[PDB]
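This report concerns only the one structure given below.
Here the Cβ is made from the backbone with ideal geometry for all residues, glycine too, and neighbour counts use every protein chain on show. Each answer follows from the model by the rule given with it, or from the source it names; these are not laboratory values.
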Amino acid sequence: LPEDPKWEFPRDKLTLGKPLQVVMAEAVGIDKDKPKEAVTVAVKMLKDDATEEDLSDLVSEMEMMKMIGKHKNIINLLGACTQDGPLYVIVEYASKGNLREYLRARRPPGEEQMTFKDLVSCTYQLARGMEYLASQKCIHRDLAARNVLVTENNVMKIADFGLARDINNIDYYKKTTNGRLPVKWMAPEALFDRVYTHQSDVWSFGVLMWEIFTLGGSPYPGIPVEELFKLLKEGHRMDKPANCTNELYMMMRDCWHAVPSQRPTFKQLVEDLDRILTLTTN
Amino acid sequence: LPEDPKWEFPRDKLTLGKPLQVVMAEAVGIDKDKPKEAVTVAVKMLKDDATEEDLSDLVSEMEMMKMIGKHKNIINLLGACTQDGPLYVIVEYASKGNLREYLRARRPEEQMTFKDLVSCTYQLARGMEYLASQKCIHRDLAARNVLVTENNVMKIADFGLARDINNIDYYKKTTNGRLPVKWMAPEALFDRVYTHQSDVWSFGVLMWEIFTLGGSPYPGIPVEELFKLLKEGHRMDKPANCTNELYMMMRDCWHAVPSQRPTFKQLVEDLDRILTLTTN
Ligand SMILES: Nc1ncnc2c1ncn2[C@@H]1O[C@H](COP(=O)(O)OP(=O)(O)CP(=O)(O)O)[C@@H](O)[C@H]1O
Ligand SMILES: Nc1ncnc2c1ncn2[C@@H]1O[C@H](COP(=O)(O)OP(=O)(O)CP(=O)(O)O)[C@@H](O)[C@H]1O
Ligand SMILES: [Mg+2]
Ligand SMILES: [Mg+2]
Ligand SMILES: [Mg+2]
Ligand SMILES: [Mg+2]
């Protein structure tokens with residue numbers, strides 16, 4: 001791996017901790033302005049039985065995070081140990097864990113329950129994150145609650161860029177393209193046409209919305225993955241989550257339009273959610 | 001998905017159970033001669049978040065097992081639910097878990113004798129010999145991919161990466177990119193080829209795991225720097241519970257030059273000999 005000083009972090013200053021392959025760890029001086037300050041962070045590294053592809057994915061994930069730039073709703077890359085030793089990708093620690101676990105643990109006893117506003121606010125932040133990503137020519141391809149992290153201050157953060165790509169780094173029409181994308185969050189064009197665009201992420205955003213309003217429920221319950229695409233082609237779509245407004249449901253439905261261009265853009269989603277969120281506050 | 005009556009099993013006769021994605025299950029009449037007897041089996045199916053590649057792998061696995069044929073040291077394929085519903089690959093239930101856990105469980109849960117270890121190795125060589133005779137390359141040989149029945153019978157499993165020796169994209173950069181690096185033959189990566197001799201390299205690693213009682217290969221060496229070391233001649237040291245002879249066999253399996261490694265046929269002959277001596 002090439003040397004990249006701006007991001008390199010001294011191995012001797014990193015104390016690997018318990019597992020979260022990801023593990024918690026302490027990094028001394030990772031924050032330039034606090035040279036002696038130890039910071040709690042997360043570290044992703046290869047497993048002992050990792051494959052060559054696992055490595056290329058880890059490297060790819062790290063580089064995308066470098067080119068993306070910093071944003072409020074995207075997990076932050078803090079540094080990396082890429083020389084004379086195993087590859088370590090150091091990223092910001094999200095104390096509340098992944099969004100799916102977060103929501104399930106806050107389900108009504110039937111922790112601190114989620115208010116309707118919290119759910120709308122969560123969706124809004126994530127829409128902003130995706131809006132930014134798209135402006136950076138980046139397609140995540142793996143959007144899902146399990147891939148969202150929440151910070152101690154409940155800030156939503158898009159994560160796991162293990163499958164993300166530059167808009168131009170997709171091999172259109174090849175049978176092997178998009179073969180490693182979870183089917184239940186995947187846009188029909190991804191497999192049918194073997195393409196991938198920001199609008200493909202919008203479809204994924206929709207399922208994420210459903211996951212959010214079902215408080216961490218599994219999409220297409222009872223429907224096996226090998227039967228899904230037949231049903232989608234036939235017009236099947238998940239049902240309205242309970243306690244979800246028809247308006248938010250229509251938003252989900254709009255994300256699930258078969259024609260990519262008929263789906264809203266992340267910018268449109270952001271403006272709409274912003275309105276719904278503001279009007280709920282008032 | 002095509003209909004294969006021969007292997008198709010009725011879903012209504014299958015009752016899924018606890019997790020072992022693989023789950024335990026009870027199958028009624030899976031044994032044709034005993035139409036009313038429920039058999040405890042193991043079922044492999046897709047996870048809710050499975051990918052397209054996860055599906056073709058499962059299909060490939062099922063199809064390979066069909067082609068392979070039956071052998072005492074190969075997890076037996078019992079049937080499959082492929083129509084109108086999720087794909088279920090029903091295989092023989094191995095009550096004692098995978099070899100890696102088995103071995104670590106009985107670390108000085110009844111301690112393994114040198115003979116047991118040799119026997120374990122012998123059985124696996126036999127399975128791989130047959131596998132090889134059927135023109136099949138496993139590609140993912142490892143203790144974690146060996147199951148052990150109630151009678152301590154060794155069984156090679158997880159054919160999720162197995163292929164027909166003739167179905168390999170020779171020299172393509174994307175070839176063999178999903179094989180655990182630490183069990184991988186050097187040529188598998190440097191030249192993008194895979195042959196039976198590539199499997200014997202992995203067998204060598206499997207042997208080291210066995211005699212170390214489930215030890216982790218290349219301890220302390222990250223996968224990132226393993227191939228450079230391998231290219232330089234680095235090889236694992238002899239396991240303490242191992243005889244020099246058996247270690248030499250491992251070294252043989254790890255010869256740089258593929259054609260210079262023994263064949264599974266030769267391994268079985270040598271192992272049988274050693275086993276016959278050890279038991280006498
Ligand atoms: N920065 C972080 N802070 C807190 N928890 C984190 C974290 N990074 C990862 N985790 C935890 O680890 C889980 C898996 O992380 P990630 O999605 O990056 O996994 P992964 O890329 O290794 C494998 P897969 O593709 O199977 O998820 C997260 O859902 C979360 O629970
Ligand atoms: N027939 C069987 N009987 C008993 N246990 C079984 C079994 N098949 C699988 N298992 C258990 O499940 C584990 C995983 O099995 P397998 O290796 O087939 O997994 P897999 O292909 O689903 C995933 P991976 O490729 O990550 O291992 C085994 O190591 C064993 O503990
Ligand atoms: Mg993930
Ligand atoms: Mg990942
Ligand atoms: Mg396995
Ligand atoms: Mg497998």
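Quick one: which residue in B:192, B:144 is surrounded by fewer than 22 Cβ atoms within 10 Å (Cβ to Cβ) and either under 30 Å from residue A:83 (Cα atoms) or of a type in the set (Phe, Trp, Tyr) (or both)? Sole residue among the options that is surrounded by fewer than 22 Cβ atoms within 10 Å (Cβ to Cβ) and either under 30 Å from residue A:83 (Cα atoms) or of a type in the set (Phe, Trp, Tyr) (or both): B:192.
The condition of being within 16 Å of ligand 6 (Cβ to nearest atom) and under 16 Å from the mean Cα position of the chain (by Cα) holds for only one of A:165, A:180, A:128, that being A:180. Looking only at segment B:48-57, which residues are within 9 Å of chain A (Cβ to nearest Cβ) and within 14 Å of ligand 5 (Cβ to nearest atom)? Result: B:54, single match. Screening residue A:229 on (1) within 18 Å of the chain's Cα centre (by Cα); (2) in a helix (DSSP H, G or I); (3) of a type in the set (A, V, I, L, M, F, W, C) shows it passes everything except condition (1). The set of residues in segment B:1-51 that are under 21 Å from residue A:220 (Cβ atoms) and either assigned to a loop (DSSP other than H, G, I, E, B) or away from ligand 6 (no atom under 16 Å from the Cβ) (or both) comprises B:1, B:11, B:16, B:21, B:45, B:46, B:47, B:48, B:49, B:50, B:51.
Residue-by-condition table, conditions (1) touching a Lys or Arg at 6+ places or on another chain (Cβ under 7 Å); (2) more than 14 Å from chain A (Cβ to nearest Cβ); (3) among the hydrophobic types (A, V, I, L, M, F, W, C); (4) within 23 Å of residue A:192 (Cβ to Cβ):
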residue: B:31; (1), (2), (3), (4): no, yes, no, no
residue: B:39; (1), (2), (3), (4): no, yes, yes, no
residue: B:75; (1), (2), (3), (4): yes, yes, yes, no
residue: B:81; (1), (2), (3), (4): yes, no, yes, no
residue: B:84; (1), (2), (3), (4): no, no, no, yes
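Scanning for something farther than 23 Å from residue A:105 by Cβ, of a type in the set (A, V, I, L, M), facing chain B (nearest Cβ under 9 Å) and over 18 Å from the mean Cα position of the chain (by Cα), does segment A:190-199 turn up at least one residue? Yes - at least one qualifying residue is present in segment A:190-199.
Pick from segment B:147-178 the residues that are surrounded by 15 or more Cβ atoms within 10 Å (Cβ to Cβ) and assigned to a strand (DSSP E or B): which of them is nearest to the other protein chains (Cβ to nearest Cβ)? Step by step, filter segment B:147-178, then rank; the result is B:163.
Pairing each residue of segment B:59-84 that is more than 23 Å from residue B:26 (Cβ to Cβ) with any residue that is of a type in the set (S, T, N, Q) and assigned to a loop (DSSP other than H, G, I, E, B), provided the two are 6+ apart or on different chains, yields C-beta distances under 9 Å for B:59/B:82; B:67/B:134; B:68/B:134; B:69/B:134; B:71/B:134.
Which residues, taken from segment A:200-221, are within 14 Å of another protein chain (Cβ to nearest Cβ) and among the hydroxyl-bearing types (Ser, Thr, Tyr)? Across segment A:200-221, the qualifying residues are A:204, A:214, A:218, A:220. In segment B:157-166, is there at least one residue being touching a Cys at 6+ places or on another chain (Cβ under 8 Å) and away from ligand 5 (no atom under 16 Å from the Cβ)? Within segment B:157-166, one or more residues are touching a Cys at 6+ places or on another chain (Cβ under 8 Å) and away from ligand 5 (no atom under 16 Å from the Cβ). The set of residues in segment A:191-229 being touching a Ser or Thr at 6+ places or on another chain (Cβ under 6 Å) and more than 23 Å from residue A:266 (Cβ to Cβ) is empty.
Checking each residue in segment B:58-67 for being buried (at least 21 other Cβ atoms within 10 Å of the Cβ) and either away from every other protein chain (no Cβ under 14 Å) or part of a strand (DSSP E or B) (or both) picks out B:64, B:65.
Among the candidates B:120, B:136, the residue that is within 16 Å of ligand 6 (Cβ to nearest atom) and either buried (at least 20 other Cβ atoms within 10 Å of the Cβ) or not assigned by CATH to the domain that holds residue B:188 (or both) is uniquely B:136. On the stretch given as segment B:93-110, residues that are outside any helix (DSSP H, G or I), crowded, with 20+ Cβ neighbours inside 10 Å, within 16 Å of ligand 6 (Cβ to nearest atom) and more than 14 Å from chain A (Cβ to nearest Cβ) total 1.
Taking the conditions (1) more than 14 Å from chain A (Cβ to nearest Cβ); (2) touching a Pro at 6+ places or on another chain (Cβ under 8 Å) in turn, residue B:230 satisfies each one other than (1). Tell me, please, whether a residue that is within 16 Å of ligand 3 (Cβ to nearest atom), part of a loop (DSSP other than H, G, I, E, B), surrounded by fewer than 17 Cβ atoms within 10 Å (Cβ to Cβ) and of a type in the set (D, E, K, R) can be found in segment A:74-86. Checked against the condition, which is being within 16 Å of ligand 3 (Cβ to nearest atom), part of a loop (DSSP other than H, G, I, E, B), surrounded by fewer than 17 Cβ atoms within 10 Å (Cβ to Cβ) and of a type in the set (D, E, K, R), segment A:74-86 yields no hits at all.
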